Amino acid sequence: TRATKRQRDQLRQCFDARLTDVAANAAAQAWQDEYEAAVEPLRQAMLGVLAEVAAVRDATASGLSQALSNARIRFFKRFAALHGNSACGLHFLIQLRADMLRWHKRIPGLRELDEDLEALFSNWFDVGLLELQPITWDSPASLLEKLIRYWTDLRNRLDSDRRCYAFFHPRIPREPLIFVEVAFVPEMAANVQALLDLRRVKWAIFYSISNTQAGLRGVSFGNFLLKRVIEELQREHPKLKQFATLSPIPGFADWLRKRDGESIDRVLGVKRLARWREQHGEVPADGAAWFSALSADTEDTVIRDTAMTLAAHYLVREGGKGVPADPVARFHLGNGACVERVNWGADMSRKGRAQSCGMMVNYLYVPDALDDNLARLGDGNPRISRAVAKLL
């Protein structure tokens, strides 16, 4: 407890003093510097002090929880207001959450600080407050090297028949927050290997949307994220009317192998179960066995249909009400999209086959429907196309 008492005092001001208090802000400015210029273990230790200070007050039970919540929030608000080596107070806060996130298992007691900040980060970095910028092969190398971490590959993705953007917070230029990759093709894509590999093109397809900030993992950017990109695409090409994605279904395999036989029988239905026995005999004993049976032949029509029905069910009817179990389905469904179609042999990479038997999905975005769909999702009734309803 040498200088660790100076940091405690500093943090007490940042947590307890009013936002305007010039002294407390000075203290915050001080703590930041000392944190940015510190070895990895020193920071992990400073985080231990922070979770120490955040857990107590320097008096009902309901009033304690509230006072503790209000101080943690006050602590972050003060830092987000300081306009060092990072872009500003808001930026620092992003790196700080990066550490809290990777060291959670080492430094206990940050769960509440992490949850609060994540929630603040959802208001501060809401898409409505972010600026959209086009990214090309002409962009600064120092910027382009932030999208690789989260070069000829970049090139093709950044080519004439391609369009890429990045959302930035106005006061943190240089630091891309979200990276959107778009491809132009004649038909709504059904195989990802084609894309990653302007005359008469009619389809705009989003084949990649990634969060490029570790400190922002888990933060919600709003439901108008792609809506905003489409507006930019229409301004750029008023002739573009067809918008869809060719997304993965990452949590399909892990979900399937957790289901027993009974649940899958209920999903498939009597007719599908019968078509399976007729072609393959024995019905897999459970989900795990189902995954192994559905990966054994990418050519079989019964396997294809069975897998596609299981996939449509997974992304449309699995989740805690209005919240698709699949993260990818949650994002796109949570942006006003419609689950338009399931694609077999869409991603035959090693990873694709391991995540969903190489199955991908197309989420269709219809400008003048995004609102209606966003509503229907809250009712726990995801917007679906005829082809997908037929698989169910």
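Numbers follow the displayed sequence, beginning with 1.
Per the record, residue 266 and residue 267 are directly connected, as no deposited residue between them is missing from the model. The stretch of deposited sequence separating residue 58 from residue 59 contains 4 to 9 residues lacking coordinates in this entry. Relative to its counterpart among 173-181 and 101-109, 101-109 has the higher mean temperature factor, C-alpha atoms as listed in the PDB entry. Two stretches are in play, 156-164 and 244-252, and the higher mean C-alpha B-factor belongs to 156-164. The entry lists C-alpha B-factors for 258, 91, 146, 217, and the highest of these is at 146. Within the group 138, 131, 197, 300, the record's highest C-alpha temperature factor is found at 197.
Residue 365 sits in the middle third of its chain by CA B factor, as recorded in the PDB entry. Per-chain ranking of the deposited C-alpha B factor places residue 72 in the lowest third. In the deposited entry, the Cα temperature factor of residue 326 places it in the middle third of its chain's modelled residues. Compared with the other modelled residues of the chain, the Cα B-factor recorded for residue 343 ranks in the lowest third. Annotation for residue 295: C-alpha temperature factor in the middle third relative to the rest of the modelled chain, per the entry.
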